Structure formats: C-alpha cells, structure tokens
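**Q** Take the sequence shown: its letters are residues 1 to 32, 56 to 551, numbered as in the deposited numbering.
Beta carbons: idealized from backbone N, C-alpha and C, even for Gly.
First, the structure itself, so that you have it in front of you.
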Amino acid sequence: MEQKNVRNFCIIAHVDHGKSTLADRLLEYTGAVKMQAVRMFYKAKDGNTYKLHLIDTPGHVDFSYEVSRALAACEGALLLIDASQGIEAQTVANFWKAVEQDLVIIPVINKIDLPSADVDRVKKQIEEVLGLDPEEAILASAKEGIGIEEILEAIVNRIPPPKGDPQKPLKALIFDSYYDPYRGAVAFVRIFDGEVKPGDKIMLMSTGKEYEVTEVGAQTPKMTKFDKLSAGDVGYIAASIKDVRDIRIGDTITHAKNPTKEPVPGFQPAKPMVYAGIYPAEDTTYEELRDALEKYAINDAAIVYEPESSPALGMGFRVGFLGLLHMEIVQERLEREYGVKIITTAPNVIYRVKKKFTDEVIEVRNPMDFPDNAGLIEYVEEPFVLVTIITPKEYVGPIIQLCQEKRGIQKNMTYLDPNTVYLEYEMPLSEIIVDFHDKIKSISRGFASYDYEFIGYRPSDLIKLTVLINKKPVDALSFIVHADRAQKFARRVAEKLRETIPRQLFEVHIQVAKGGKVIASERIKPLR
Ligand SMILES: Nc1nc2c(ncn2[C@@H]2O[C@H](COP(=O)(O)OP(=O)(O)OP(=O)(O)O)[C@@H](O)[C@H]2O)c(=O)[nH]1
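Here it is in structure tokens:
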C-alpha cells in the first residue's frame with residue numbers, strides 16, 4: 001500500500017562514468056544545500072506508481088566509510104560502468120562494498136553511444152570479474168536517454184522494497200548531513216523502524232544527546248518539508264542541532280522516550296589519515312586563515328586542526344584530512360569561497376612512535392614532533408594499505424616497477440580479460456600520498472586506475488630528515504622517510520627548493536640532514 005512500493009537505491013559509478021548525468025535523466029524522466060535524499064515517483068508498466076529514493080554516494084576512496092553508510096541505507100544499487108573504459112579500480116571496490124551490504128547490484132553499461140564503446144567487453148568483464156549474469160546488464164546512454172525507463176523498471180522489479188516496521192521504535196540511520204544556516208545541523212537519514220514527525224524528541228545513540236525535531240522532509244528535489252517520515256523512507260531531519268559533529272554519519276536516531284533495542288551497525292567516527300600544515304600565503308593573514316577554517320569546519324565533520332607555528336613560516340595550522348582529495352577539496356574551497364591564499368607543506372601520515380622511558384606510544388601528526396634524538400626511539404610504526412590496480416597489459420611492467428620502488432609488496436596479480444591486468448600491492452600509505460597518483464597516470468596515459476584500503480600499522484625503519492637554508496633548520500620542513508629511501512627524498516626535496524626559493528641577494532644554500540649528517544645539498548647562487 002505504501003512501503004511495498006518504495007525503492008531505496010543509489011548510483012555506484014567509477015570516476016566520470018556518468019553518475020551525475022544519469023541522475024538528471026531519472027528526475028527529468030520522473031518530474032514532468057547539496058543534492059541528496061532525492062525523492063521521486065514512478066509509474067511502472069505493471070500499473071501503480073512507486074516512491075523512489077536516490078541516495079547520493081561519495082566517489083573517492085577518501086570517503087569510503089561515508090560511502091559504506093550511504094550503501095547501508097539502500098536495498099539496491101546501479102553499478103554504472105563506462106562501455107569505453109570498462110571495469111576500473113573503484114568500480115570493483117564499490118561493487119564489493121555493495122556486496123558487503125547485501126545490496127541488489129544492477130549493472131548499467133553507459134556511454135554505449137561512443138565509438139570507442141565495447142559492450143561484449145564489459146559484459147564479459149561483468150561475468151568473469153564481477154560474477155554477474157551479463158544478461159542482467161542494462162545497456163544505456165545518458166547523454167541521450169536510451170534505456171532510462173528500462174532502468175527505472177529494473178529498480179522497481181529487481182530491487183526489494185524496504186522491510187522495517189513503522190510501529191516499532193524509531194530507528195533511523197544517518198548517512199549524510201550538512202549545515203543549514205536557518206535549519207541548523209541537518210541529517211539525511213534512512214528510516215528502518217517507526218516514524219518521526221516534528222516536535223518529537225529524538226536521541227543520538229552514540230552520544231546520548233536528545234533534541235526536539237523541528238522539521239522533516241526530503242529533496243523533491245527542493246528541500247520540501249513533510250508532516251513526517253515513516254519506515255522505509257529517506258529524507259532529512261532538523262532538530263536545532265548545534266553542528267554536524269553532533270549528527271555523525273553512521274549514527275542512529277531513535278526516540279528519547281522509547282528507543283530501539285540496538286543501533287544500526289557499523290558506526291565509526293571520522294578518522295583523519297593524512298596531515299599537513301597550512302600557513303597563510305601572500306597577503307592573507309593568520310587571522311583570516313584561522314577565520315576561514317572556523318567557517319569551513321561548520322560544513323565538515325571530518326576535519327581537525329590545531330595551531331602550529333614555525334620559526335621560518337610563522338603561525339599556521341596543522342590540519343588533518345581523510346586523504347589527498349579531501350585535502351585538495353578543503354584547499355580549493357578555502358582559496359575560493361573564502362579568498363584566503365594558503366601555502367601547504369608536504370602531506371604526512373600519522374606515525375606511532377615508541378620512545379624509551381615512555382610507556383605509552385606517541386602518535387605523530389606533525390613531523391616536527393618526531394624525536395630529534397634517534398637513540399631515544401625504541402621503534403616506529405606507519406600505516407599500510409592494500410592497493411588494487413587495473414591496467415592494460417602494456418603498462419604492467421612500469422607500474423610494477425613503480426610499486427616496487429615505493430616499497431609495495433605484490434600480493435596478487437590477475438587478468439580481467441586478455442588485455443587487462445588486476446594487481447594487489449601492499450604498500451605504506453606514506454608512499455601513496457607522494458607523487459604516486461601522477462606518476463601512475465603519467466606512465467599509463469591515464470589508463471590505469473587504482474583504489475586502496477587501510478590494513479593496519481606495521482613497524483618500519485623510518486628516520487627524520489631536517490631541512491636547513493643556509494645552516495638554519497626549518498621546523499616545518501622536516502619529514503619522516505624510510506631509512507632506505509632517505510637519500511632519494513633528500514635529493515628530490517633539495518631540488519624542489521632550489522627552484523621553490525626566489526633568488527634573492529646572497530647565495531641560498533640548502534641542506535638535507537640525517538641527524539647531523541648532511542646527505543643532500545643544493546646551492547642556488549646570489550642575485551643576478
Ligand atoms: N558520450 C557519452 N558521454 C557521457 C554519457 N554519460 C555521461 N557522459 C559524459 O561523461 C562525462 C562525465 O559524466 P559525469 O556524469 O560527470 O560522471 P560522474 O561519475 O558524475 O563524474 P564524477 O562527478 O567525477 O564522479 C561528461 O562529459 C558526461 O556528460 C554517455 O552516455 N555518453
């Protein structure tokens with residue numbers, strides 16, 4: 001009558017395979056603040072109309088958890104594959120994350136209008152690699168509109184409808200959020216059990232905090248207030264919440280008065296993985312910078328930052344990101360929407376250091392916090408990740424060689440077809456966050472894709488290198504490198520500066536040191 005006519009799905013596509021486009025198709029084909060919890064109605068060939076909820080999902084590995092949550096809020100997913108490219112890194116990673124949630128995956132080959140397009144290719148891959156029936160695949164072109172209905176049909180027919188009870192205690196999964204200046208901290212939620220209407224007293228199961236709902240509704244696609252949200256629904260909720268960290272993604276929203284036995288599984292707070300110091304550039308100032316960050320941080324529950332200063336650089340901030348894209352985003356967004364101009368140090372992972380006389384192991388986020396006294400270090404550990412790569416046979420050698428150089432241990436190798444190779448390497452994260460994205464693209468003509476997952480901390484032989492410009496060290500220029508790779512980084516970084524420094528009067532001497540010892544030098548002569 002209502003919840004048996006509901007379809008909760010999301011679009012799972014690798015980078016640039018058509019995810020955003022196809023979404024427009026669906027609304028257009030159905031109609032007559057970021058995009059999320061989009062609700063639309065559809066008249067199927069079978070007769071009645073259905074309530075469809077399109078949940079938006081992050082693409083980059085940086086938001087893997089958040090993607091896992093978005094998936095948790097659905098019954099099915101459309102796995103979008105570009106017929107010209109085929110299965111790529113994310114396509115496979117996302118597939119499995121979707122499988123881990125028992126979602127009905129509906130394959131969708133897009134861009135079949137392309138000359139370069141090759142379906143029997145993708146269908147072959149789908150079967151051999153994904154283990155899916157090539158026959159379930161939906162051929163389609165979003166650029167046009169070929170197969171759109173064919174798609175809405177698949178969703179309705181193949182994807183089961185929600186299955187919770189609206190009479191049981193409220194149980195709603197938070198899969199997204201954002202700060203609304205007028206509504207406050209808002210949470211995009213999927214409702215499994217019960218219902219929620221304005222005025223109700225909800226509670227956040229991880230924190231124990233209670234709030235009074237002020238409004239509920241969904242993107243239709245405009246923020247549309249409703250009288251309520253029932254089991255099986257997807258929408259938003261407002262309850263005068265101070266900020267987005269109070270409604271953490273993956274958290275559960277029940278009733279304060281009568282709560283549900285347990286909370287939806289898999290809650291994990293935000294865990295910054297990569298850090299970097301951000302200093303005020305040009306004429307931008309510490310205050311303006313400190314100000315923009317406080318303004319940004321409202322629309323970001325993942326980011327953390329603390330004041331750090333340098334003798335050379337001055338006053339700035341040590342900021343933690345989920346990964347490289349998140350950081351990139353935060354930068355683009357700051358220089359843009361805030362005008363502030365910032366300089367950013369090289370990124371670094373959090374290290375776990377055990378030093379003598381200190382029972383507790385210290386976590387290093389800022390390299391300058393790393394013990395200058397090597398002998399006082401009992402050991403050091405750094406995060407490792409499992410990197411998966413997809414590439415044409417031709418590029419395998421250079422790639423493998425690239426990986427080996429950066430300390431990657433090949434764990435597996437296979438063929439997604441006679442010309443495409445699949446690879447699994449175990450390498451330090453510290454090595455992936457440094458010129459690995461460009462170098463693999465450079466050597467693969469942009470044809471090789473890759474994804475990776477954190478697989479824990481492993482003890483390693485790392486050291487601290489210091490940078491001195493004319494015999495004068497720069498606290499914020501020091502970095503932690505593997506002892507064996509030290510010389511090379513020493514040299515690289517040396518040249519980077521030989522160029523990065525603007526020729527002034529005297530002679531700018533640059534030295535990279537390994538605990539006293541100098542292992543790299545670069546001196547760019549005087550002024551003219
Ligand atoms: N020729 C052709 N191009 C398409 C088709 N679908 C999408 N594109 C184009 O592919 C490019 C990227 O499409 P998007 O919809 O942005 O793909 P996306 O997954 O949203 O990209 P990201 O937002 O980075 O994840 C754009 O030029 C789209 O118009 C298609 O069916 N045929």
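1) Where does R375 fall in DSSP's three states?
2) Express the C-alpha separation of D143 and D458 in angstroms, rounding to a whole number.
3) If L227 and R213 are in contact, beta carbons under 8 Å, what's the gap, nearest whole angstrom?
4) Are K191 and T283 touching if we call contact CB-CB under 8 Å?
5) Look at the Cβ atom of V297, then the Cβ atom of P370, and state whether they are nearer than 8 Å.
6) If I measure Cβ to Cβ from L316 and keep anything under 7 Å in the same chain, skipping five residues before and after, which residues do I get?
7) Taking the alpha helix (DSSP H) that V142 belongs to, which residues open and close that run?
8) Run through DSSP, which three-state label would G231 get?
9) Check whether the segment 499-513 and the segment 328-337 are in contact - that is, three or more C-beta pairs closer than 8 Å.
10) Considering only DSSP beta bridges, list what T283 is partnered with.
11) When DSSP builds the beta bridges, which residues end up paired with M246?
12) So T230 packs on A299, CB below 8 Å; how close in whole Å?
13) For the beta strand (DSSP E) containing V90, list its first residue and its last residue.
14) CB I110 to CB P130, shorter than 8 Å?
15) Quick check on this structure: which residue in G70, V90, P390 has the alpha carbon closest to the alpha carbon of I78?
16) Measure the beta-carbon distance from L193 to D216 and round it to whole angstroms, keeping in mind my assumption that it falls under 8 Å.
17) Quick one: residues in its chain with C-beta nearer than 7 Å to the C-beta of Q510, no 5 flanking neighbours on either side, listed in chain order?
18) Mind checking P189: buried by the 16 CB within 10 Å criterion, or exposed?
19) Around the C-beta of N71, are 16 or more other C-beta atoms found within 10 angstroms, so that it is buried, or is it exposed?
20) Report the option in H460, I492, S164 whose CA atom is closest to the CA atom of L137.
21) Below 8 Å, how does it come out for the segment 468-482 and the segment 412-421: are there three or more Cβ pairs, yes or no?
22) Can you tell me whether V15 sits near ligand 1, meaning its C-beta is under 7 Å from at least one heavy atom of the ligand?
23) Within 8 Å, do at least three Cβ pairs link the segment 85-102 to the segment 120-127?
24) Have a look at the DSSP bridge pairing and note the partners of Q534.
25) Provide the residue span of the alpha helix (DSSP H) that contains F512, from first to last.
26) Compute the distance between the beta-carbons of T243 and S263, then report whether it is under 8 Å.
27) So, with DSSP's three-state summary, where would you put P183?
28) Quick check: the Cα distance between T21 and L27, rounded to an integer number of angstroms?
29) Is the separation between the beta-carbon of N133 and that of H17 shorter than 8 Å?
30) Got a sec? Which residues, its chain only, sit under 6 Å from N281 by beta carbon, not counting five neighbours each side?
31) Please classify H460 as buried or exposed, where buried requires at least 16 other C-beta atoms within 10 Å of its C-beta.
32) Let me check you understand the geometry: is the CB of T21 closer than 7 Å to at least one non-hydrogen atom of ligand 1?
33) Between the Cα of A60 and those of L347, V239, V287, spot the shortest distance and give me the residue it belongs to.
34) Where DSSP assigns a beta bridge to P406, which residues make up the other side?
35) Using a threshold of 7 Å, is the CB atom of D136 nearer than that to any non-hydrogen atom of ligand 1?
36) Looking only at its chain, what residues have a beta carbon closer than 7 Å to the beta carbon of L162, apart from the 5 residues adjacent to it on each side?
**A** Once the coordinates are examined:
1) Secondary structure of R375 (DSSP, three-state): strand.
2) Going by the C-alpha atoms only, they are around 35 Å apart.
3) That belief does not hold up - the Cβ atoms of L227 and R213 are roughly 15 Å apart, past 8 Å.
4) At the C-beta level, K191 and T283 come within 8 Å of one another.
5) yes
6) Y328, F340
7) Run containing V142: 142-148, per the alpha helix (DSSP H) assignment.
8) coil
9) yes
10) For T283, which the question treats as bridged, DSSP gives no partner whatsoever.
11) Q242
12) About 29 Å; that fails the 8 Å criterion.
13) Here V90 belongs to no beta strand (DSSP E); instead the alpha helix (DSSP H) covers 87-95.
14) no
15) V90
16) 6 Å
17) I542
18) buried
19) Around the beta carbon of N71, a 10 Å sphere encloses fewer than 16 other beta carbons of the protein chains shown; the residue is thus reported as exposed.
20) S164
21) yes
22) The answer is yes for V15.
23) yes
24) Looking at the DSSP assignment, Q534 forms a beta bridge with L491, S544.
25) Residues 509-523.
26) no
27) Here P183 carries a coil assignment [DSSP, helix/strand/coil].
28) 10 Å
29) yes
30) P192
31) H460 should be labelled exposed.
32) yes
33) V239
34) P406 pairs with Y480.
35) yes
36) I132, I135, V142, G170
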